[PDB]
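Peer 1: What follows is work20.cif; its format and atoms are mmCIF, C-alpha atoms and all ligand atoms.
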```cif
data_structure
loop_
_atom_site.label_atom_id
_atom_site.label_comp_id
_atom_site.auth_asym_id
_atom_site.auth_seq_id
_atom_site.Cartn_x
_atom_site.Cartn_y
_atom_site.Cartn_z
CA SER A 1 -14.76 4.56 -17.93
CA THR A 2 -13.36 1.87 -15.61
CA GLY A 3 -10.20 -0.15 -15.08
CA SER A 4 -9.42 -3.48 -13.47
CA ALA A 5 -6.04 -5.07 -12.78
CA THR A 6 -4.85 -8.20 -10.98
CA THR A 7 -2.40 -7.70 -8.11
CA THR A 8 -0.03 -10.48 -7.08
CA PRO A 9 2.06 -11.03 -3.93
CA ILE A 10 5.80 -10.83 -4.59
CA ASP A 11 6.71 -13.71 -2.25
CA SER A 12 5.22 -16.43 -0.07
CA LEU A 13 4.80 -14.00 2.87
CA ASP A 14 2.74 -11.33 1.05
CA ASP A 15 5.50 -8.79 1.78
CA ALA A 16 4.20 -6.58 -1.04
CA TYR A 17 1.93 -6.71 -4.07
CA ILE A 18 2.77 -5.81 -7.68
CA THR A 19 0.33 -4.77 -10.42
CA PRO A 20 1.19 -4.54 -14.14
CA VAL A 21 1.06 -0.98 -15.50
CA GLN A 22 1.47 0.10 -19.15
CA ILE A 23 3.64 3.20 -19.64
CA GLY A 24 4.39 4.96 -22.92
CA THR A 25 3.80 4.35 -26.64
CA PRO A 26 4.29 1.59 -27.57
CA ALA A 27 3.46 0.21 -24.13
CA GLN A 28 6.25 -0.66 -21.71
CA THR A 29 4.80 -2.89 -18.98
CA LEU A 30 6.19 -2.43 -15.48
CA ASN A 31 5.09 -4.15 -12.27
CA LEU A 32 4.37 -1.43 -9.75
CA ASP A 33 3.62 -1.42 -6.02
CA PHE A 34 0.29 0.39 -5.56
CA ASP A 35 0.77 2.57 -2.46
CA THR A 36 -2.12 4.43 -0.83
CA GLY A 37 0.39 5.91 1.63
CA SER A 38 2.32 8.00 -0.92
CA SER A 39 1.58 10.15 -3.93
CA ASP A 40 4.45 9.73 -6.41
CA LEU A 41 4.49 7.51 -9.50
CA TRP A 42 8.16 6.65 -9.85
CA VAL A 43 9.92 3.93 -11.82
CA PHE A 44 13.30 2.38 -12.41
CA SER A 45 14.47 3.77 -15.74
CA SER A 46 17.28 3.99 -18.28
CA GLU A 47 18.54 6.95 -16.18
CA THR A 48 18.97 4.93 -12.96
CA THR A 49 22.57 4.43 -11.82
CA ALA A 50 23.43 1.06 -13.34
CA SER A 51 24.93 -0.28 -10.10
CA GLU A 52 21.56 0.32 -8.36
CA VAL A 53 19.57 -1.84 -10.82
CA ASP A 54 19.43 -5.60 -10.16
CA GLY A 55 16.84 -7.33 -12.36
CA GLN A 56 14.13 -4.65 -12.41
CA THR A 57 12.38 -3.80 -15.66
CA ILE A 58 13.24 -0.21 -16.59
CA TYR A 59 11.19 2.48 -18.29
CA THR A 60 13.04 3.92 -21.29
CA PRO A 61 11.55 7.33 -22.14
CA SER A 62 13.60 7.63 -25.35
CA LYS A 63 11.66 4.66 -26.80
CA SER A 64 8.24 6.21 -26.08
CA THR A 65 6.81 8.54 -28.72
CA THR A 66 4.50 10.18 -26.15
CA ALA A 67 7.13 10.85 -23.45
CA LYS A 68 8.02 14.49 -22.78
CA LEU A 69 10.65 15.75 -20.36
CA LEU A 70 9.15 18.10 -17.77
CA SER A 71 11.78 20.82 -17.98
CA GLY A 72 13.44 21.61 -14.66
CA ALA A 73 11.26 19.32 -12.55
CA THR A 74 12.83 17.06 -9.94
CA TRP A 75 11.55 14.78 -7.20
CA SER A 76 12.94 13.30 -4.02
CA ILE A 77 11.09 11.03 -1.62
CA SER A 78 11.91 9.39 1.72
CA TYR A 79 9.68 6.62 3.06
CA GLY A 80 8.89 5.86 6.70
CA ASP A 81 11.10 2.75 6.63
CA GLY A 82 14.10 4.87 5.58
CA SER A 83 13.81 4.07 1.86
CA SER A 84 14.43 6.86 -0.64
CA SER A 85 14.77 7.64 -4.35
CA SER A 86 15.04 10.70 -6.57
CA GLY A 87 15.35 11.85 -10.17
CA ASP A 88 13.68 13.85 -12.94
CA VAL A 89 10.17 13.90 -14.36
CA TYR A 90 8.59 12.94 -17.67
CA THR A 91 4.97 13.06 -18.73
CA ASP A 92 3.61 10.07 -20.65
CA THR A 93 0.55 7.93 -21.22
CA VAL A 94 -0.14 5.50 -18.36
CA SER A 95 -2.75 2.72 -18.49
CA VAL A 96 -3.96 0.47 -15.66
CA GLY A 97 -6.14 -2.50 -16.58
CA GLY A 98 -7.72 -0.72 -19.56
CA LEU A 99 -8.01 2.71 -17.89
CA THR A 100 -5.82 5.28 -19.66
CA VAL A 101 -4.52 8.67 -18.50
CA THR A 102 -2.60 10.94 -20.85
CA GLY A 103 -0.04 13.41 -19.57
CA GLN A 104 0.61 11.58 -16.30
CA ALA A 105 3.75 12.59 -14.43
CA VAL A 106 6.17 9.63 -14.55
CA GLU A 107 9.04 10.25 -12.15
CA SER A 108 12.26 8.68 -13.45
CA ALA A 109 14.63 7.47 -10.72
CA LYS A 110 18.26 8.46 -11.04
CA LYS A 111 19.12 7.14 -7.57
CA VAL A 112 17.34 4.58 -5.35
CA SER A 113 18.13 3.27 -1.88
CA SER A 114 19.45 -0.25 -1.38
CA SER A 115 16.13 -1.69 -0.22
CA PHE A 116 14.66 -1.03 -3.68
CA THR A 117 17.72 -2.38 -5.52
CA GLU A 118 17.46 -5.66 -3.56
CA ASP A 119 13.72 -6.03 -4.42
CA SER A 120 14.07 -7.32 -7.98
CA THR A 121 10.30 -7.82 -8.37
CA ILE A 122 9.19 -4.18 -7.84
CA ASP A 123 9.82 -1.87 -10.81
CA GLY A 124 8.40 1.19 -9.06
CA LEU A 125 5.58 2.65 -6.99
CA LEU A 126 2.19 4.07 -7.97
CA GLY A 127 1.04 6.49 -5.28
CA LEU A 128 -2.65 6.70 -4.42
CA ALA A 129 -2.71 9.03 -1.42
CA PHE A 130 -3.80 12.64 -1.93
CA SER A 131 -1.86 14.79 -4.38
CA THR A 132 -0.82 17.26 -1.68
CA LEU A 133 1.96 14.78 -0.75
CA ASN A 134 3.50 14.65 -4.24
CA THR A 135 7.20 15.54 -4.09
CA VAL A 136 7.71 17.04 -7.57
CA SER A 137 9.38 20.45 -7.47
CA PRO A 138 8.90 23.26 -8.36
CA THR A 139 5.48 22.29 -9.79
CA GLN A 140 3.57 19.68 -7.77
CA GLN A 141 2.03 16.86 -9.83
CA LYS A 142 -1.27 14.96 -9.61
CA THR A 143 -1.65 11.24 -8.90
CA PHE A 144 -2.94 8.69 -11.41
CA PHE A 145 -6.24 8.55 -9.51
CA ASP A 146 -6.62 12.34 -9.48
CA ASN A 147 -5.94 12.53 -13.22
CA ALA A 148 -8.41 9.71 -13.97
CA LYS A 149 -11.17 10.92 -11.62
CA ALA A 150 -13.13 13.01 -14.12
CA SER A 151 -13.49 10.14 -16.61
CA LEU A 152 -14.27 7.42 -14.07
CA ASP A 153 -17.86 6.21 -13.87
CA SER A 154 -17.58 6.77 -10.10
CA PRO A 155 -14.70 8.55 -8.34
CA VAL A 156 -13.63 5.42 -6.43
CA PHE A 157 -11.08 2.67 -6.44
CA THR A 158 -11.23 -0.58 -4.49
CA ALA A 159 -8.51 -2.80 -3.03
CA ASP A 160 -9.18 -6.55 -2.76
CA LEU A 161 -5.85 -8.02 -1.65
CA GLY A 162 -5.45 -11.78 -1.44
CA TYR A 163 -4.01 -13.90 1.35
CA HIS A 164 -1.20 -15.88 -0.32
CA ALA A 165 -3.12 -15.41 -3.57
CA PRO A 166 -3.77 -12.83 -6.31
CA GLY A 167 -6.24 -10.00 -5.82
CA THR A 168 -7.75 -7.06 -7.68
CA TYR A 169 -7.55 -3.28 -7.87
CA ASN A 170 -10.64 -1.80 -9.55
CA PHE A 171 -11.01 1.83 -10.71
CA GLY A 172 -14.36 3.52 -11.23
CA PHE A 173 -16.81 0.86 -10.01
CA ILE A 174 -17.66 -1.30 -6.99
CA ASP A 175 -17.85 -5.05 -7.71
CA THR A 176 -20.82 -6.14 -5.62
CA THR A 177 -19.86 -9.81 -6.15
CA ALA A 178 -16.49 -9.39 -4.39
CA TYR A 179 -17.73 -8.99 -0.79
CA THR A 180 -20.42 -10.27 1.57
CA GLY A 181 -22.90 -8.27 3.59
CA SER A 182 -22.90 -4.47 3.48
CA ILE A 183 -20.11 -1.94 3.04
CA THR A 184 -19.61 0.25 6.14
CA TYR A 185 -18.36 3.73 5.27
CA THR A 186 -16.36 5.88 7.68
CA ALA A 187 -15.09 9.47 7.55
CA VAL A 188 -11.65 10.34 6.16
CA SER A 189 -9.40 13.21 7.21
CA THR A 190 -7.14 14.52 4.44
CA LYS A 191 -5.32 17.08 6.61
CA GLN A 192 -2.06 15.09 6.46
CA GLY A 193 -2.51 13.87 2.86
CA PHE A 194 -3.29 10.25 3.86
CA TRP A 195 -6.39 8.07 3.78
CA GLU A 196 -6.78 8.71 7.50
CA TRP A 197 -9.72 7.35 9.50
CA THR A 198 -10.66 6.38 13.06
CA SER A 199 -11.25 2.77 14.06
CA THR A 200 -13.79 2.26 16.82
CA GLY A 201 -11.91 -0.41 18.78
CA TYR A 202 -10.52 -3.91 18.80
CA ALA A 203 -10.77 -7.44 20.18
CA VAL A 204 -8.18 -10.19 20.67
CA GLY A 205 -9.36 -13.68 19.72
CA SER A 206 -12.76 -14.35 21.25
CA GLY A 207 -12.27 -11.68 23.93
CA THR A 208 -14.44 -8.70 24.72
CA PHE A 209 -14.47 -5.88 22.18
CA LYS A 210 -12.78 -2.79 23.61
CA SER A 211 -14.39 0.43 22.38
CA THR A 212 -11.57 2.94 21.89
CA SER A 213 -10.69 5.37 19.11
CA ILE A 214 -7.64 4.41 17.05
CA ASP A 215 -6.63 7.01 14.48
CA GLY A 216 -4.66 5.52 11.61
CA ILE A 217 -4.08 5.40 7.87
CA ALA A 218 -5.12 2.84 5.27
CA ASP A 219 -1.82 2.01 3.56
CA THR A 220 -1.54 -0.71 0.92
CA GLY A 221 2.17 0.16 0.72
CA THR A 222 2.97 -1.05 4.25
CA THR A 223 3.16 -4.79 4.95
CA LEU A 224 2.27 -5.01 8.64
CA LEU A 225 -0.27 -3.66 11.12
CA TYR A 226 1.18 -0.94 13.39
CA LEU A 227 -0.98 -0.11 16.43
CA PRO A 228 -0.47 1.61 19.81
CA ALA A 229 1.71 -0.16 22.34
CA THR A 230 -1.22 -0.85 24.68
CA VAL A 231 -3.16 -2.69 21.96
CA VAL A 232 -0.16 -4.63 20.67
CA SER A 233 0.85 -5.70 24.19
CA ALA A 234 -2.68 -6.99 24.81
CA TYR A 235 -2.55 -9.04 21.60
CA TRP A 236 0.82 -10.71 22.21
CA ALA A 237 0.04 -11.38 25.87
CA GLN A 238 -2.30 -14.10 24.55
CA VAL A 239 0.49 -15.92 22.64
CA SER A 240 2.51 -18.26 24.85
CA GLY A 241 6.20 -17.40 24.69
CA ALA A 242 5.84 -14.24 22.63
CA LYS A 243 8.10 -11.34 23.57
CA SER A 244 9.36 -8.04 22.22
CA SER A 245 12.91 -8.45 20.90
CA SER A 246 15.15 -5.40 20.64
CA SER A 247 17.69 -7.26 18.49
CA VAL A 248 14.97 -8.32 16.06
CA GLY A 249 13.08 -5.02 16.28
CA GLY A 250 9.63 -6.16 17.35
CA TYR A 251 7.47 -8.92 18.73
CA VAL A 252 8.48 -12.50 17.93
CA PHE A 253 6.75 -15.73 18.90
CA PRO A 254 7.52 -19.47 18.89
CA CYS A 255 6.79 -20.75 15.40
CA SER A 256 4.82 -23.68 16.91
CA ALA A 257 2.25 -21.35 18.50
CA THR A 258 -1.26 -20.84 17.14
CA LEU A 259 -2.12 -17.21 16.75
CA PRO A 260 -5.41 -15.66 17.86
CA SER A 261 -7.43 -13.61 15.44
CA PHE A 262 -7.57 -9.81 15.70
CA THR A 263 -10.76 -7.79 15.24
CA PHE A 264 -10.89 -4.08 14.46
CA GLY A 265 -13.96 -1.85 14.45
CA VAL A 266 -15.31 0.14 11.52
CA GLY A 267 -18.21 2.17 12.84
CA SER A 268 -20.55 -0.48 14.22
CA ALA A 269 -19.09 -3.20 11.97
CA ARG A 270 -16.26 -5.60 12.79
CA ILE A 271 -13.42 -6.80 10.54
CA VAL A 272 -11.76 -10.05 11.69
CA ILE A 273 -8.13 -10.76 10.78
CA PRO A 274 -7.51 -14.55 10.95
CA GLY A 275 -4.59 -15.48 13.17
CA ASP A 276 -2.77 -17.09 10.23
CA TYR A 277 -2.53 -13.65 8.57
CA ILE A 278 -0.34 -12.46 11.48
CA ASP A 279 2.39 -15.14 11.02
CA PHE A 280 5.31 -13.75 9.02
CA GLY A 281 7.49 -16.82 9.45
CA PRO A 282 10.97 -17.44 10.83
CA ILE A 283 13.16 -14.44 11.63
CA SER A 284 16.04 -16.26 9.88
CA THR A 285 16.27 -19.43 7.84
CA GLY A 286 15.93 -22.42 10.14
CA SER A 287 14.92 -20.39 13.20
CA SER A 288 12.11 -21.51 15.49
CA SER A 289 11.32 -17.86 16.34
CA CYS A 290 8.72 -16.32 14.03
CA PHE A 291 8.04 -12.65 13.30
CA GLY A 292 4.67 -11.14 14.22
CA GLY A 293 2.43 -9.24 11.84
CA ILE A 294 1.12 -6.84 14.50
CA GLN A 295 3.76 -4.43 15.84
CA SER A 296 3.90 -1.23 17.88
CA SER A 297 3.53 2.18 16.23
CA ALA A 298 5.26 3.95 19.13
CA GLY A 299 8.45 4.58 17.16
CA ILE A 300 6.60 5.58 13.96
CA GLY A 301 4.33 8.33 15.23
CA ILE A 302 1.21 7.16 13.40
CA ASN A 303 -0.92 4.02 13.34
CA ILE A 304 -0.84 2.11 10.04
CA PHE A 305 -3.53 -0.30 8.82
CA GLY A 306 -1.22 -2.05 6.35
CA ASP A 307 -1.71 -5.13 4.18
CA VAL A 308 -2.21 -7.49 7.16
CA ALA A 309 -5.42 -5.65 7.99
CA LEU A 310 -6.51 -4.56 4.51
CA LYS A 311 -6.35 -8.04 2.97
CA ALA A 312 -8.95 -9.29 5.46
CA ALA A 313 -11.46 -6.86 3.87
CA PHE A 314 -12.87 -5.44 0.68
CA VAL A 315 -11.77 -1.79 0.87
CA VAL A 316 -13.41 1.11 -0.97
CA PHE A 317 -11.40 4.31 -1.43
CA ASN A 318 -14.13 6.89 -2.21
CA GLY A 319 -12.53 9.98 -3.71
CA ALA A 320 -15.68 12.08 -3.73
CA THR A 321 -15.42 15.73 -2.70
CA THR A 322 -16.00 14.51 0.85
CA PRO A 323 -13.77 11.40 0.79
CA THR A 324 -14.72 8.25 2.69
CA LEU A 325 -13.38 4.73 3.28
CA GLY A 326 -15.61 1.67 3.00
CA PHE A 327 -14.95 -1.72 4.58
CA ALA A 328 -16.76 -4.97 3.89
CA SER A 329 -16.14 -8.54 4.91
CA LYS A 330 -15.26 -11.02 2.20
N1 LIG A 401 3.35 3.59 2.31
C1 LIG A 401 3.92 4.92 2.27
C2 LIG A 401 4.16 5.41 3.69
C3 LIG A 401 5.40 5.26 4.28
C4 LIG A 401 5.61 5.71 5.57
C5 LIG A 401 4.58 6.31 6.27
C6 LIG A 401 4.82 6.80 7.69
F1 LIG A 401 5.66 5.94 8.33
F2 LIG A 401 5.36 8.05 7.65
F3 LIG A 401 3.62 6.86 8.34
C7 LIG A 401 3.33 6.46 5.69
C8 LIG A 401 3.12 6.01 4.40
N1 LIG A 402 5.70 2.09 2.01
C1 LIG A 402 6.32 2.37 0.72
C2 LIG A 402 7.38 1.30 0.45
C3 LIG A 402 7.06 0.21 -0.33
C4 LIG A 402 8.01 -0.77 -0.57
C5 LIG A 402 9.28 -0.64 -0.02
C6 LIG A 402 10.32 -1.73 -0.29
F1 LIG A 402 10.01 -2.84 0.43
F2 LIG A 402 10.31 -2.02 -1.62
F3 LIG A 402 11.55 -1.28 0.08
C7 LIG A 402 9.60 0.45 0.77
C8 LIG A 402 8.64 1.43 1.01
#
```
Could you quickly redo this structure as C-alpha cells?
Peer 2:
Amino acid sequence: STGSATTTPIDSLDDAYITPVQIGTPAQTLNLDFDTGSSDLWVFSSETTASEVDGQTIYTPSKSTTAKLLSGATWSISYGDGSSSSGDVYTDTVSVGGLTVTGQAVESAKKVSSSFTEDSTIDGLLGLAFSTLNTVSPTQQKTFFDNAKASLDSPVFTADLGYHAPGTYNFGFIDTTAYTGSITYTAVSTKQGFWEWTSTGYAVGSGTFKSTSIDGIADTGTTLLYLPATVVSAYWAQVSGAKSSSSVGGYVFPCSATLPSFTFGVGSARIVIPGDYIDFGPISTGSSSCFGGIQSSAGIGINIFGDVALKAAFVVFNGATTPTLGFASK
C-alpha cells in the first residue's frame, strides 16, 4: 500500500509545515508537524490543561470507538529548543493520506510548554526518526513509519517541501516525476536514533567547493540550517554588514542585502540552496535587520540539515534494513 499527503507552511516564512492526519473512528483530523528528528506521535487532546490550549484542534479519545488507553504508560519529551510536553498514551487507528495503521500509539498531552501553546496552527507532532528514541515508558512504542513498513510497497517515505508553497509527503513509493536528474544515496548511521549522514562539503555562492566531512541529521522538524562555526562564518563573511548578534542570538544581516546561495555535497552530487531561502525576514516588525537562515551549531552539539536545506531537494528516507538517505535536485 501507499500514502500521499499535502504539507503546507504555517506562515509566510516557512517556519514549520503541517500535514492533515486522521486519528480515531470516526476520523478526527489534526494538522501535525512531521518531524524526522523525533519519534513520538503526540497531540493536543481533551486531557490537555485548558489554559495551555489556544486554538489548537484537540483529539478526544472518548469519542473514538477504536481508542484504547494503554494502561500505566506515560511519555515525556524535551526538544533541543527547550520545548517539552508530557501525558498518557492511547492506541488508535491513524491514517495519513490514505495509508492506515491500526494500533498506533497516540500520546495524549496533559501538559505542553508555552512555545506549543502559542503555535495555534500545530495540533501535534508525528515523529519519523528511529523508534529507539520514543519516550513512552515503561514500554517503548513504534513510530507510524515503523508500524506501516510491512504493508508499504517499498519501505520508504519522501519529503518534498515547498518554498513558500505546499509540498508532499509520500509513503511507500518514489514519485519519479517530482525531481530532476538522478537520486544520490548516502549512508545513514542510526547509532543516535536520527537520520544521520555525512555531507561531503560546501560552497558559498559561486566560490570554490570545499571538500570536508560534515556529520549532521536530516530534520524536517527544525526550521533552519545549523552548521559548524567555521562554515557559517565563511558564509556570512560574503554578506555586507552581516554580523553575529548576541542579543538576537545569531547572525543577522541588513534586509536590503542580496544573499548568496549555499551548496552542500551529497556524495559526488551538489545541492544548491538559493540565497532567497536563507532570508527569514526582520528580527522585529519594522526592523531593517533581518534574521539569517544559516546559523552556528556550536551551542547545539550536532549539525542539523533543517527545512532550509531539505526544501531545496527531493529527499528519500529509505527505511530498508540498511537505511539510506537519497537527495535529488528539483
Ligand atoms: N526535530 C527534533 C529535534 C530536536 C532537537 C534536536 C537536537 F537539538 F537535539 F539535535 C534534534 C532533533
Ligand atoms: N523540532 C521539534 C519542534 C517542532 C516545533 C516546535 C515549535 F515551534 F512548535 F515549538 C518545537 C520543536
Peer 1: Quick one: which chain A residues come within 12 Å of ligand LIG 401 (chain A), and what is the nearest atom pair for each with the distance in Å to one decimal, counting all atoms listed in the file, rows ordered by chain and ascending number, as a Markdown table?
Peer 2:
```
| residue | atom | partner | partner_atom | distance |
| --- | --- | --- | --- | --- |
| A:16 | CA | A:LIG401 | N1 | 10.7 |
| A:33 | CA | A:LIG401 | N1 | 9.7 |
| A:34 | CA | A:LIG401 | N1 | 9.0 |
| A:35 | CA | A:LIG401 | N1 | 5.5 |
| A:36 | CA | A:LIG401 | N1 | 6.4 |
| A:37 | CA | A:LIG401 | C1 | 3.7 |
| A:38 | CA | A:LIG401 | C1 | 4.7 |
| A:39 | CA | A:LIG401 | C1 | 8.4 |
| A:40 | CA | A:LIG401 | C1 | 9.9 |
| A:77 | CA | A:LIG401 | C3 | 10.0 |
| A:78 | CA | A:LIG401 | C3 | 8.1 |
| A:79 | CA | A:LIG401 | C3 | 4.7 |
| A:80 | CA | A:LIG401 | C4 | 3.5 |
| A:81 | CA | A:LIG401 | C4 | 6.3 |
| A:82 | CA | A:LIG401 | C4 | 8.5 |
| A:83 | CA | A:LIG401 | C3 | 8.8 |
| A:84 | CA | A:LIG401 | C3 | 10.4 |
| A:125 | CA | A:LIG401 | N1 | 9.6 |
| A:126 | CA | A:LIG401 | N1 | 10.4 |
| A:127 | CA | A:LIG401 | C1 | 8.2 |
| A:128 | CA | A:LIG401 | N1 | 9.5 |
| A:129 | CA | A:LIG401 | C1 | 8.6 |
| A:130 | CA | A:LIG401 | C8 | 11.5 |
| A:133 | CA | A:LIG401 | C8 | 10.2 |
| A:134 | CA | A:LIG401 | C1 | 11.7 |
| A:192 | CA | A:LIG401 | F3 | 10.2 |
| A:193 | CA | A:LIG401 | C8 | 9.8 |
| A:194 | CA | A:LIG401 | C8 | 7.7 |
| A:195 | CA | A:LIG401 | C8 | 9.8 |
| A:196 | CA | A:LIG401 | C7 | 10.5 |
| A:215 | CA | A:LIG401 | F3 | 11.9 |
| A:216 | CA | A:LIG401 | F3 | 9.0 |
| A:217 | CA | A:LIG401 | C7 | 7.8 |
| A:218 | CA | A:LIG401 | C8 | 8.9 |
| A:219 | CA | A:LIG401 | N1 | 5.5 |
| A:220 | CA | A:LIG401 | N1 | 6.7 |
| A:221 | CA | A:LIG401 | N1 | 4.0 |
| A:222 | CA | A:LIG401 | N1 | 5.0 |
| A:223 | CA | A:LIG401 | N1 | 8.8 |
| A:224 | CA | A:LIG401 | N1 | 10.7 |
| A:225 | CA | A:LIG401 | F3 | 11.6 |
| A:226 | CA | A:LIG401 | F3 | 9.6 |
| A:227 | CA | A:LIG401 | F3 | 11.6 |
| A:297 | CA | A:LIG401 | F1 | 9.0 |
| A:298 | CA | A:LIG401 | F1 | 11.0 |
| A:299 | CA | A:LIG401 | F1 | 9.4 |
| A:300 | CA | A:LIG401 | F1 | 5.7 |
| A:301 | CA | A:LIG401 | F3 | 7.1 |
| A:302 | CA | A:LIG401 | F3 | 5.6 |
| A:303 | CA | A:LIG401 | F3 | 7.3 |
| A:304 | CA | A:LIG401 | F3 | 6.7 |
| A:305 | CA | A:LIG401 | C7 | 10.1 |
| A:306 | CA | A:LIG401 | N1 | 8.3 |
| A:307 | CA | A:LIG401 | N1 | 10.3 |
```
Peer 1: Quick one: everything within 9 Å of segment 141-150 of chain A, counting all atoms listed in the file, minus sequence neighbours fewer than 3 positions away in the same chain. Send it as an NGL selection string.
Peer 2: :A and (39-41 or 94 or 99-105 or 126-132 or 134-137 or 153-157 or 171-172 or 319)
Peer 1: Give me, please, the distance in Å between atom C1 of ligand LIG 402 (chain A) and atom CA of residue 57 of chain A, quoted to one decimal.
Peer 2: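 Between atom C1 of ligand LIG 402 (chain A) and atom CA of residue 57 of chain A the gap works out to 18.5 Å.
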Peer 1: When you draw a straight line from atom CA of residue 311 of chain A to atom CA of residue 289 of chain A, how long is it in Å?
Peer 2: 24.2 Å
Peer 1: For residue 273 of chain A, please output as a ChimeraX atom specification all residues within 7 Å (counting all atoms listed in the file; exclusion window: fewer than 5 positions along the same chain).
Peer 2: /A:261-263,309,312
Peer 1: Determine, counting only C-alpha atoms, which protein, DNA and RNA residues have an atom within 10 Å of an atom of residue 26 of chain A; residues of the same chain fewer than 2 positions away are not included. Present the result as a ChimeraX atom specification.
Peer 2: /A:22-24,28-29,63-66,93
Peer 1: Name the closest residue to residue 167 of chain A among the candidates A:233, A:49, A:321, A:6; distances are taken between atoms, counting all atoms listed in the file.
Peer 2: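 For residue 167 of chain A, the nearest of the candidates is A:6.
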Peer 1: From the options A:232, A:89, A:32, A:283, which residue's atoms come nearest to ligand LIG 402 (chain A), counting all atoms listed in the file?
Peer 2: A:32
Peer 1: What would segment 3-14 of chain A look like with N, CA, C and O atoms in place, written as a tab-separated table (two decimals), in the coordinates of the input?
Peer 2:
```tsv
chain	number	residue	atom	x	y	z
A	3	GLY	N	-11.41	0.65	-14.91
A	3	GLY	CA	-10.20	-0.15	-15.08
A	3	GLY	C	-10.14	-1.23	-14.03
A	3	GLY	O	-10.66	-1.08	-12.92
A	4	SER	N	-9.50	-2.35	-14.38
A	4	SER	CA	-9.42	-3.48	-13.47
A	4	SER	C	-8.12	-4.22	-13.70
A	4	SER	O	-7.85	-4.62	-14.84
A	5	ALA	N	-7.32	-4.40	-12.65
A	5	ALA	CA	-6.04	-5.07	-12.78
A	5	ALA	C	-5.82	-6.06	-11.65
A	5	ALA	O	-6.20	-5.81	-10.50
A	6	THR	N	-5.20	-7.20	-11.98
A	6	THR	CA	-4.85	-8.20	-10.98
A	6	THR	C	-3.57	-7.81	-10.25
A	6	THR	O	-2.60	-7.37	-10.87
A	7	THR	N	-3.57	-7.98	-8.93
A	7	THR	CA	-2.40	-7.70	-8.11
A	7	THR	C	-1.94	-8.99	-7.46
A	7	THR	O	-2.75	-9.81	-7.02
A	8	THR	N	-0.62	-9.19	-7.43
A	8	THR	CA	-0.03	-10.48	-7.08
A	8	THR	C	1.00	-10.29	-5.98
A	8	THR	O	1.83	-9.38	-6.07
A	9	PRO	N	1.00	-11.13	-4.94
A	9	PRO	CA	2.06	-11.03	-3.93
A	9	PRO	C	3.42	-11.32	-4.55
A	9	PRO	O	3.54	-12.13	-5.47
A	10	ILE	N	4.46	-10.65	-4.03
A	10	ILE	CA	5.80	-10.83	-4.59
A	10	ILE	C	6.53	-12.03	-4.00
A	10	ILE	O	7.53	-12.47	-4.58
A	11	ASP	N	6.08	-12.56	-2.86
A	11	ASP	CA	6.71	-13.71	-2.25
A	11	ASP	C	5.67	-14.47	-1.43
A	11	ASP	O	4.49	-14.10	-1.38
A	12	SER	N	6.12	-15.55	-0.79
A	12	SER	CA	5.22	-16.43	-0.07
A	12	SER	C	4.72	-15.83	1.24
A	12	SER	O	3.86	-16.44	1.88
A	13	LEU	N	5.23	-14.67	1.64
A	13	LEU	CA	4.80	-14.00	2.87
A	13	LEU	C	3.90	-12.81	2.62
A	13	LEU	O	3.52	-12.14	3.59
A	14	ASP	N	3.54	-12.51	1.37
A	14	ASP	CA	2.74	-11.33	1.05
A	14	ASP	C	3.45	-10.06	1.54
A	14	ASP	O	2.83	-9.17	2.13
```
